[PDB]
Amino acid sequence: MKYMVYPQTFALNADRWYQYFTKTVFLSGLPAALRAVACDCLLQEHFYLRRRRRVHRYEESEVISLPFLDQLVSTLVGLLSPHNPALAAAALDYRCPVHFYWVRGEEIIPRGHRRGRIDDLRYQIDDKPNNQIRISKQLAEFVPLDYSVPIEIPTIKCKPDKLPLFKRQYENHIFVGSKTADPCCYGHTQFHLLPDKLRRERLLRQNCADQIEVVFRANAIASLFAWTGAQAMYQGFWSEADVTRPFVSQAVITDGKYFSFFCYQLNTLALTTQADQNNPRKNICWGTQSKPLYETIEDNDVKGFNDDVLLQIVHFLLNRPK
Amino acid sequence: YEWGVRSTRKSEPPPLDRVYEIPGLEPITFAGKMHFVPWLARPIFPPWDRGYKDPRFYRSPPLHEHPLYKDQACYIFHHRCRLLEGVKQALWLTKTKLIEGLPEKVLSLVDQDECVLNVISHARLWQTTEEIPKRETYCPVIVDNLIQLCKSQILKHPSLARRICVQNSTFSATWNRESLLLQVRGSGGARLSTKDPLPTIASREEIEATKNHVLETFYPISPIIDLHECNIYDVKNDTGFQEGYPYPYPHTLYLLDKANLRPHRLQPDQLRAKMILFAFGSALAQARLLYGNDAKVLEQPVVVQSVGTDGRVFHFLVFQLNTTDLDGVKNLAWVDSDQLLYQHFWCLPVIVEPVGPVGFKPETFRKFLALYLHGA
Amino acid sequence: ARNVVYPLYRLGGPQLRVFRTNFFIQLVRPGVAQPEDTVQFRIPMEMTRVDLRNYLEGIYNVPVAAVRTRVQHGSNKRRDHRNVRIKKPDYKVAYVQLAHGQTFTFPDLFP
Amino acid sequence: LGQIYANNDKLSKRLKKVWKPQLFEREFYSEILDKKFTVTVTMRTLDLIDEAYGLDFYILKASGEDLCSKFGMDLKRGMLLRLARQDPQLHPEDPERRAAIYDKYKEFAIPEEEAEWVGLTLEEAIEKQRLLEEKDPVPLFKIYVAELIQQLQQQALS
Amino acid sequence: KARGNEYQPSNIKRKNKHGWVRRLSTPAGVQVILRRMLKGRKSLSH
Amino acid sequence: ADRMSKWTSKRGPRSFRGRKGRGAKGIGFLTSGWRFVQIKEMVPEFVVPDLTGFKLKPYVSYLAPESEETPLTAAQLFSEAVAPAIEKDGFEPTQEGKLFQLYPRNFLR
Amino acid sequence: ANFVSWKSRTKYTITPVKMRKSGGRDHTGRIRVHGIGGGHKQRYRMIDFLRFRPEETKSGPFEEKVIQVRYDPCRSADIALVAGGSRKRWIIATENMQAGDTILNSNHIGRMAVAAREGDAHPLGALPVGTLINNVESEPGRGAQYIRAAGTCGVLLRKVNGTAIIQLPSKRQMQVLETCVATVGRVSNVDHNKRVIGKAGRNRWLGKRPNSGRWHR
RNA sequence: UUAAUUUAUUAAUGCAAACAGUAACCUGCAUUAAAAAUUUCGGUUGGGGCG
RNA sequence: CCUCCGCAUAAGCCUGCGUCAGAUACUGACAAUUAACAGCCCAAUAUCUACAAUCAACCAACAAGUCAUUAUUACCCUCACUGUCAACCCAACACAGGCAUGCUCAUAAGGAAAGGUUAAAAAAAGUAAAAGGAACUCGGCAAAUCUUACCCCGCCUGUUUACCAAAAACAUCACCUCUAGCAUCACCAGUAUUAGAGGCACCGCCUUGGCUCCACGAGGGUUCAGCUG
RNA sequence: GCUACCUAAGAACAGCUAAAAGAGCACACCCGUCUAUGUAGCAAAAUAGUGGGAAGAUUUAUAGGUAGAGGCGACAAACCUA
RNA sequence: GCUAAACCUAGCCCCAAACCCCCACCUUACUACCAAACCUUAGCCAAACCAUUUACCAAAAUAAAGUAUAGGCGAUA
Ligand SMILES: [Mg+2]
Ligand SMILES: [Mg+2]
Ligand SMILES: [Mg+2]
Ligand SMILES: [Mg+2]
Ligand SMILES: [Mg+2]
Ligand SMILES: [Mg+2]
Ligand SMILES: [Mg+2]
Ligand SMILES: [Mg+2]
Ligand SMILES: [Mg+2]
Ligand SMILES: [Mg+2]
Ligand SMILES: [Mg+2]
Ligand SMILES: [Mg+2]
Ligand SMILES: [Mg+2]
Ligand SMILES: [Mg+2]
Ligand SMILES: [Mg+2]
Ligand SMILES: [Mg+2]
Ligand SMILES: [Mg+2]
Ligand SMILES: [Mg+2]
Ligand SMILES: [Mg+2]
């Protein structure tokens, strides 16, 4: 029995809880014709495409923002492959699952025939990023292994099902987006969009100001941890033979309009109790505040466009292995 | 012999009481009570119609009383119809002449494979958490990565930054043939569209040669045989884009099939017919968007390509529409079928024989690369 | 309100208002160490999440960020002196997660 | 539905027997209603109609249980109401012929308040009666303002 | 073999076979309910 | 096989458990994804007055006087409402266009 | 029982219909026919038996092109999917009609006996005397109910002023009206009767179980 | 069952009964069949049976 | 030191070893299973769908097969409700029995055959046994070591008397004979190469058959060899 | 809700040999040949070893249908809630 | 001297008189909201078997009278 951890989650303070489940310290910050094509694809998927069945706002996310990111990422890869030869041999998956299964800590069985026994408490992330870009050569590291980070990872005092998180028993899958015998096994950029349930319009219909930032951060921590951990376990490290080189990836999480960018570095797979009693390292996730790409659409133009957001997508697609 | 067995059909409502026969006295019914009683003759309730209308319980009006009703029998070729005669019924419907070979222009444009083995393996071997990915899973992955390979060959050919691919665009086009009014509806595949119209591929000499050339007949099969006999249809023609759309000219139509069930898949000839009708629909919709709606012979022909489904077996098509004068001179279609990159893929070892493709060939991928690169 | 026939809504009728609510909830001490900003409530069976959220928003001016509910089965296992079963009732429990980090903590009544 | 002895001999088997009548689909004109009815008659009805000198006379003369049909008594109260109201039965331009009809059957004339209740079952009679006395309630605003107006007119008189 | 357990429970079979709706469908089942009601039974059906 | 215990939503196969439910009133309707559409008008709105600056409070004093019972009969309400008829010497004829209809009740509590 | 018969379909569809087995049982739920039950699961191809059924707002004698001869699990012959005009349908295929032949459906009574091929269908006035025919109808227009099983061919023995005489394959004679339509030639799946069933398993796949107590007496 | 009694029920005839005429289905009464249906199967006996 | 065990879902139960207090897993009190998993679906009128599956690719069939929408009309209001515990269910029992599916292949999970002695008989189970090797016995039953052939019956694989009979009986391909010329609630959406009923027993040769006749059997007997309390 | 048969939509069948066969050996499962224990039993038919089938005329979950001189039956007067 | 034993009213029986009874709930009842009733009782039982027959039951004081009457003319009615 393992907790199904959901990256795209409705729960409150899931960033803090996933920091606990994952052993990440979260640090805010970071470690032309492109504007024409971004505006073109954006206006194509909102206005310029003709619609027979008229589009509702329950389906607007998966009919609008999903092909928008699909074509935007594909064309940005196509137009940045001259500037960077890493995106020539890269593999580009559209909605391919990224599972990672890890054990983190222990519990005492509360009741039953097995009452009072030690049970390692398992988790599994089952994720489908919108689209991701994978390399055959490892990216940079942003930071040497075992950094200082005097920020003190949270210390969750309840059971992990008070954040509504639920146990199930199903197949234990560790999956980078492609199988193990695939040369393009490392990854460097991953693009998520938040679903219809997680509209920040709905969260402001509900009762917050910063829990939009919390859902962006939770998706970041869980998705990137699963993807870098799956890369590590593919390279042969596991919770006993911990990683030697730090693993790394990058993710932008959007909701169609708002974007935010994250960089993740995995230093530990030693998460279990016996492998974590004397483990000073911790994984590190760097995050940006959410920022809007465009403001509104008046059927032939995008009013307030954001060069900062477009250039950050470019930079994330633009680094490369050494 | 009439189908529709009596026991399954609705029985006759029971005979009324004879107080309804006797004139003139009003029967005493259980309408004053608000329930059935088995004495007290059953009333005849008036036909109740909801005065307003709920969205959730709509009963669509009968097909006579619709706003746009056309008395002539119409036909629609939407994405599902599978033609009997296939390619020759397609040719008769669209008034074209067929060419067995791809043109020397795109062959000269023909005149890396590590990544091609990577795409074949990534589609049919490596992409899913279990073994043996299905056709719904591997076929769009193949065509998507081949489009990505061309958008990587951007470096050698720098004018591919003027063409974007569209995911869910519909379209429509209508014409006459006898006269009898036909129609084609939109795809669901990829529509690679560019900002600059495609070059004319055959000259006026070949145009007049096809004018001399005649069509074929396939009696007693009428040429409408698997066309959906459609009622009210909104005859207005449509390239599925609002006006002023950048990248307007449809370069290539990528038609793909999911549904790994063989009875659900298209046959090769029916798939070539689908490509021919869809290329003609897109080309004619572009022709009536640019020029007038009149029936004439175009001085500037339009060219639209198409690529077929079923990632193992490929079909390529180039369609030159030079006439919208239907009911003379004929359009041209250079097709080729069953290119068959990766003859077969053994996914599990057999007991000897390793995992992976068998019967591989790259000249078909060369044809794909050319057929992408024809515009620039 | 409970044990009241609700007026049917057809398509574009008025909103259902309630004056003089029939719903009486009570704030309970959690049994199993729920977090900060989780209040626990015991609630009538006919009261939804949306009803409890609007109850607490309007009557008490508590900003509610999430409501979760469950139905607790009470034991039917006790027996009388007649060997006939005694049913402890079934109730509904809600878990209210506060907004803006308001962080309720159950006071120590009965010092 | 009875028993019978096997060979018309009581010292023999006794054994069930059902004697049914013979049934015809005959078409009848009734001069009072002016309609052609097709009904399932038997020779006894046909003979009773012949000795009654017509279907109209048979149904108006025969008693409730000698007629013994819910339909037959529906026909009776339709005919009786036709007579009791003296309706424009065929149409105008023949009022002398209508007078001939109602004069031919003038003897079986009863009040309308009786002919409406002729022939009903008890279930129909109770249903008809409660339909008569439904009477959607009178608002007590109306009742009390009537009382108050009466009292104020009494005070104005006094 | 060992023949103790002919009762293999399922609430769908229980409700469909002996339920109130089925009792009330048949006119003999209506009399079954009427008999339990007269006997005074606390449970008239499944 | 308890006939005597109550039948609830905890007490059947998976379909039975999904269909029964406690007595909570519906709040919307279910369509075509098994997706649920909540209708705002079907959701009841609590109408709560502003109680600030108020003197009525949840008990009275024992120094309050005793007064005998008089239920509000329609005649008493009538006389208290139309003494202006006596002055001369309001009523609803039907209730189709009325929001809070009296007899086939439109309102809650 | 709650026996709605599965054959509720009204429109003539060409697609197979999911066919429900019966177990040899009435609507009452009890066994009526013994020895039935548990075959391979099959699907019913809706055969049009009116061989001369001209399509909507059309004329007399017309042509059809055979598309596909096919095994039918629900009978003993082979079914030909044929196409003519704007519609296509299943018919019982006579022997030696491959995929590609062309067949003729004529209601015309030519005075001379038409020199016709083996596949097509005409009324018995156009058929000659002593002629091998299979799909035979009693009254004109009802549709063929006689010889249409696998390999059977009834002969036309003589033509009379308003009628004709058919030797049905039971060595029988039947008077038919002159104007009714019949297909010439013998039906496909000849050699079918010389198929040894082999195993009791093969019988149980065909859908016939061993059944005892066949006389509820 | 080739024992007694019955065909009430089904069936196929016949006779009437209810239609069309021109110089089939329903009902009543008989019959022979089928399925049945009811009912019984004495006594003495050097155990009971056989005789 | 043990275990076809264990964990999960389904079905079934319905709070049934959680805390505290009390009396002699009992009694009472207090707690608890939180939706993302699962269930509770679908606005229709007309209409479209000949192509199996089996790595589906050659290739192979017969017993002929489950997965599929379109033109238009109306439809943006959005995430409620319910299941969620346990040592559990059906067998009167804390019953050596019954119990579907996924996963682990000896377990990372789960468990304990001995209350304490003594060491009689009889009884149960096991292991070992000189010499001999079926002399036992109805019979090599049981054990021990593995094998040969002949007959009888039934052609075969199958089925059967739940709880004393598993067979030579029943069924079965094959064959014969009898009845039936036809449409819509079985047979049948069938048509004499079809359907219904009965009987015999495969097969090669010949016309109540007969003679051969191969394979199979927890059937019924017989022989040799070994092996053994 | 057992059991007999049927209907509807499901599922299971290791390995080796073999190469679509009511195939061979043999697990899972289904059955119940022989013996031994047991007999108020663990059990109103079980246990232990031995055995037979185990890709099919197979087994099996869920829902439904046939009802008492009736059903149902690969006939055993078998089964239809010990 | 243990186990016990003892108890009297909880009620009941037969008559007379008088004619009696907010919500949810036929879908899987106890679930807010969607396109049809009407047809002879049979048999055990007596006849010492059983085969016509065999009390009453399907409102009717006392007597007429167990009479007229019926009936394998017999049991019986
Ligand atoms: Mg004697
Ligand atoms: Mg027991
Ligand atoms: Mg352990
Ligand atoms: Mg001891
Ligand atoms: Mg020895
Ligand atoms: Mg001896
Ligand atoms: Mg001896
Ligand atoms: Mg032995
Ligand atoms: Mg045998
Ligand atoms: Mg036995
Ligand atoms: Mg058995
Ligand atoms: Mg046995
Ligand atoms: Mg055997
Ligand atoms: Mg086998
Ligand atoms: Mg034996
Ligand atoms: Mg059987
Ligand atoms: Mg026998
Ligand atoms: Mg016997
Ligand atoms: Mg007697």
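Just so you know, all these numbers are worked out from the coordinates, no wet-lab data involved. So basically every Cβ, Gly included, is an ideal-geometry build from the backbone, and we count neighbours across all protein chains shown.
Search region D:17-49 for residues being within 14 Å of chain B (Cβ to nearest Cβ) and in contact with a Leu (Cβ under 6 Å, 6 or more places away or on another chain), and hand back the single one that is nearest to RNA strand I (Cβ to nearest atom).
Filtering region D:17-49 for residues that are within 14 Å of chain B (Cβ to nearest Cβ) and in contact with a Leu (Cβ under 6 Å, 6 or more places away or on another chain), the one nearest to RNA strand I (Cβ to nearest atom) comes out as D:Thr40.
Does D:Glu114 meet the test of being out of contact with any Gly (no Cβ under 7 Å at 6 or more places or on another chain), assigned to a helix (DSSP H, G or I), of a type in the set (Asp, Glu) and away from every other protein chain (no Cβ under 11 Å)? Write out each step before concluding.
Numbers: out of contact with any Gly (no Cβ under 7 Å at 6 or more places or on another chain): yes; assigned to a helix (DSSP H, G or I): yes; of a type in the set (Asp, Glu): yes; away from every other protein chain (no Cβ under 11 Å): yes.
Yes, satisfied.
Among the residues of region G:123-164 satisfying the criterion of being under 16 Å from the mean Cα position of the chain (by Cα) and assigned to a strand (DSSP E or B), which is farthest from G:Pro61 (Cα to Cα)?
So the residue we want is G:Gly154.
Let me confirm something: among C:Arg49, C:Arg53, C:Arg82, which residue is among the basic types (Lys, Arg) and either facing another protein chain (nearest Cβ under 8 Å) or over 18 Å from A:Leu12 (Cβ atoms) (or both)?
Details: C:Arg49 fails: either facing another protein chain (nearest Cβ under 8 Å) or over 18 Å from A:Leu12 (Cβ atoms) (or both); C:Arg53 fails: either facing another protein chain (nearest Cβ under 8 Å) or over 18 Å from A:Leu12 (Cβ atoms) (or both).
Unique residue meeting the criteria: C:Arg82.
Restricting attention to region B:41-53, which residues are more than 26 Å from B:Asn231 (Cα to Cα) and within 14 Å of chain C (Cβ to nearest Cβ)?
Once the filter is applied, which keeps residues that are more than 26 Å from B:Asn231 (Cα to Cα) and within 14 Å of chain C (Cβ to nearest Cβ), region B:41-53 yields B:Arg50, B:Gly51, B:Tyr52.
F:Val60 is checked against (1) in a loop (DSSP other than H, G, I, E, B); (2) among the hydrophobic types (A, V, I, L, M, F, W, C); (3) within 14 Å of another protein chain (Cβ to nearest Cβ); (4) exposed (fewer than 12 other Cβ atoms within 10 Å of the Cβ) and fails just one. What number does that condition carry?
Among (1) in a loop (DSSP other than H, G, I, E, B); (2) among the hydrophobic types (A, V, I, L, M, F, W, C); (3) within 14 Å of another protein chain (Cβ to nearest Cβ); (4) exposed (fewer than 12 other Cβ atoms within 10 Å of the Cβ), F:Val60 violates only (3).
Which numbered condition trips up D:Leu75, out of (1) within 16 Å of RNA strand K (Cβ to nearest atom); (2) within 16 Å of B:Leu25 (Cα to Cα)?
All conditions are met except number (1).
Would you mind finding the one in A:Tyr101, A:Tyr94 that is under 27 Å from the mean Cα position of the chain (by Cα) and within 8 Å of another protein chain (Cβ to nearest Cβ)?
Sole residue among the options that is under 27 Å from the mean Cα position of the chain (by Cα) and within 8 Å of another protein chain (Cβ to nearest Cβ): A:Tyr94.
Listed here are the residues, each with its yes/no results for (1) away from RNA strand J (no atom under 12 Å from the Cβ); (2) within 14 Å of chain F (Cβ to nearest Cβ); (3) surrounded by 13 or more Cβ atoms within 10 Å (Cβ to Cβ).
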| site | (1), (2), (3) |
| --- | --- |
| E:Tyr7 | no, yes, no |
| E:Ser10 | no, yes, no |
| E:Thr26 | no, no, no |
| E:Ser45 | no, yes, yes |
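Quick check: anything in region A:296-307 part of a helix (DSSP H, G or I) and either closer than 28 Å to A:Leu72 by Cα or among the polar types (S, T, N, Q) (or both)? So that I can check it myself, show each step before the final result.
So in region A:296-307, the residues part of a helix (DSSP H, G or I) come out as A:307.
Among the residues that remain, those that are also either closer than 28 Å to A:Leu72 by Cα or among the polar types (S, T, N, Q) (or both) are: A:307.
Yes.
In this structure, does D:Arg14 turn out to be closer than 22 Å to D:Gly119 by Cβ, away from chain B (no Cβ under 14 Å) and away from RNA strand J (no atom under 16 Å from the Cβ)? Even if it seems obvious, please write down each step before you answer.
Values: closer than 22 Å to D:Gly119 by Cβ: no; away from chain B (no Cβ under 14 Å): yes; away from RNA strand J (no atom under 16 Å from the Cβ): yes.
In short, no.
Yes/no per residue for (1) within 16 Å of RNA strand J (Cβ to nearest atom); (2) in contact with a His (Cβ under 6 Å, 6 or more places away or on another chain); (3) outside any helix (DSSP H, G or I); (4) away from chain A (no Cβ under 14 Å):
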| residue | (1), (2), (3), (4) |
| --- | --- |
| C:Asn22 | no, no, yes, yes |
| C:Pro35 | no, no, yes, no |
| C:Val39 | no, no, yes, no |
| C:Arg42 | no, no, yes, yes |
| C:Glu57 | no, no, no, no |
| C:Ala66 | no, no, yes, no |
| C:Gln102 | no, no, yes, no |
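Kindly indicate which of C:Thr21, C:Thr38 is surrounded by 12 or more Cβ atoms within 10 Å (Cβ to Cβ), farther than 25 Å from F:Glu41 by Cα, of a type outside the set (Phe, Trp, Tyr) and out of contact with any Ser or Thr (no Cβ under 9 Å at 6 or more places or on another chain).
Just one listed residue meets the conditions, C:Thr38.
Which of the residues spanning region G:2-59 are acidic (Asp, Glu) and more than 10 Å from RNA strand J (Cβ to nearest atom)? Walk me through it before giving the result.
Quick first cut of region G:2-59, residues acidic (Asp, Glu) only: G:26, G:48, G:55-56.
Correct list: G:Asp48, G:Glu55, G:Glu56.
Can you confirm whether A:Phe191 is closer than 23 Å to A:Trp17 by Cα and more than 14 Å from chain C (Cβ to nearest Cβ)? Break it down stepwise before answering.
On the way: closer than 23 Å to A:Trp17 by Cα: yes; more than 14 Å from chain C (Cβ to nearest Cβ): yes.
In short, yes.
Going residue by residue through region B:63-74, is there one that turns out to be within 14 Å of chain G (Cβ to nearest Cβ) and surrounded by 14 or more Cβ atoms within 10 Å (Cβ to Cβ)?
Checking region B:63-74: at least one residue is within 14 Å of chain G (Cβ to nearest Cβ) and surrounded by 14 or more Cβ atoms within 10 Å (Cβ to Cβ).
For residues in region B:183-228 being surrounded by 21 or more Cβ atoms within 10 Å (Cβ to Cβ) and among the basic types (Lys, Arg), which is farthest from B:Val303 (Cα to Cα)?
Of everything passing the filter in region B:183-228, B:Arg185 is farthest from B:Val303 (Cα to Cα).
So, D:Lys20, is that one more than 12 Å from RNA strand K (Cβ to nearest atom) and exposed (fewer than 10 other Cβ atoms within 10 Å of the Cβ) or not?
Details: more than 12 Å from RNA strand K (Cβ to nearest atom): no; exposed (fewer than 10 other Cβ atoms within 10 Å of the Cβ): yes.
Judged against the criteria, D:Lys20 is not a match.
Any chance you could count how many residues in region F:1-22 are facing another protein chain (nearest Cβ under 7 Å) and more than 8 Å from RNA strand I (Cβ to nearest atom)?
Within region F:1-22, residues that are facing another protein chain (nearest Cβ under 7 Å) and more than 8 Å from RNA strand I (Cβ to nearest atom) number 2.
Can you find a residue that is within 30 Å of A:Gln44 (Cβ to Cβ) and of a type outside the set (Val, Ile, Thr) anywhere in region A:264-286?
The answer is no; no qualifying residue exists.
Residues in region A:203-216: is at least one more than 14 Å from chain C (Cβ to nearest Cβ) and either within 16 Å of RNA strand J (Cβ to nearest atom) or assigned to a helix (DSSP H, G or I) (or both)?
Yes: one or more hits.
I need the full set of residues from region F:13-28 which are away from RNA strand J (no atom under 16 Å from the Cβ) and surrounded by 13 or more Cβ atoms within 10 Å (Cβ to Cβ), in order please.
Scanning region F:13-28 gives F:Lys20, F:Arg22, F:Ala24, F:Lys25, F:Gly26, F:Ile27, F:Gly28.
Can you say whether A:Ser249 is out of contact with any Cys (no Cβ under 7 Å at 6 or more places or on another chain), of a type in the set (S, T, N, Q) and within 18 Å of A:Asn130 (Cβ to Cβ), as far as the supplied structure shows?
Yes, satisfied.
Just the residues that are at the interface with chain D (Cβ under 9 Å from one of its Cβ atoms) and part of a loop (DSSP other than H, G, I, E, B), please, taken from region F:68-89.
Once the filter is applied, which keeps residues that are at the interface with chain D (Cβ under 9 Å from one of its Cβ atoms) and part of a loop (DSSP other than H, G, I, E, B), region F:68-89 yields only F:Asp89.
For region G:193-200, does any single residue satisfy the condition of being at negative phi, surrounded by fewer than 16 Cβ atoms within 10 Å (Cβ to Cβ), touching a strand residue (DSSP E or B) at 6+ places or on another chain (Cβ under 8 Å) and among the charged types (D, E, K, R)?
No, there is no match, as no residue in region G:193-200 is at negative phi, surrounded by fewer than 16 Cβ atoms within 10 Å (Cβ to Cβ), touching a strand residue (DSSP E or B) at 6+ places or on another chain (Cβ under 8 Å) and among the charged types (D, E, K, R).
If we scan region G:138-160, do we find a residue that is more than 14 Å from chain B (Cβ to nearest Cβ), aliphatic (A, V, I, L, M), within 16 Å of RNA strand J (Cβ to nearest atom) and farther than 22 Å from G:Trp90 by Cβ?
No, region G:138-160 contains no residue that is more than 14 Å from chain B (Cβ to nearest Cβ), aliphatic (A, V, I, L, M), within 16 Å of RNA strand J (Cβ to nearest atom) and farther than 22 Å from G:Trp90 by Cβ.
Can you confirm whether region A:165-180 contains a residue that is in a strand (DSSP E or B) and buried (at least 22 other Cβ atoms within 10 Å of the Cβ)?
Checking region A:165-180: not a single residue is in a strand (DSSP E or B) and buried (at least 22 other Cβ atoms within 10 Å of the Cβ).
Restrict the check to region B:76-83 and report whether at least one residue is away from RNA strand K (no atom under 13 Å from the Cβ), part of a strand (DSSP E or B), closer than 21 Å to B:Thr170 by Cβ and not hydroxyl-bearing (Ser, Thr, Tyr). Give the steps one after another, and end with the answer.
In the first step, residues of region B:76-83 are kept if they are away from RNA strand K (no atom under 13 Å from the Cβ); the result is B:76-83.
Then keep just the ones that are part of a strand (DSSP E or B); that gives B:76-77.
When the remaining residues are screened for being closer than 21 Å to B:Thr170 by Cβ, the result is B:76-77.
Still in the list and also not hydroxyl-bearing (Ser, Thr, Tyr): B:76-77.
For region B:76-83, residues away from RNA strand K (no atom under 13 Å from the Cβ), part of a strand (DSSP E or B), closer than 21 Å to B:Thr170 by Cβ and not hydroxyl-bearing (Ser, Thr, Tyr): present.
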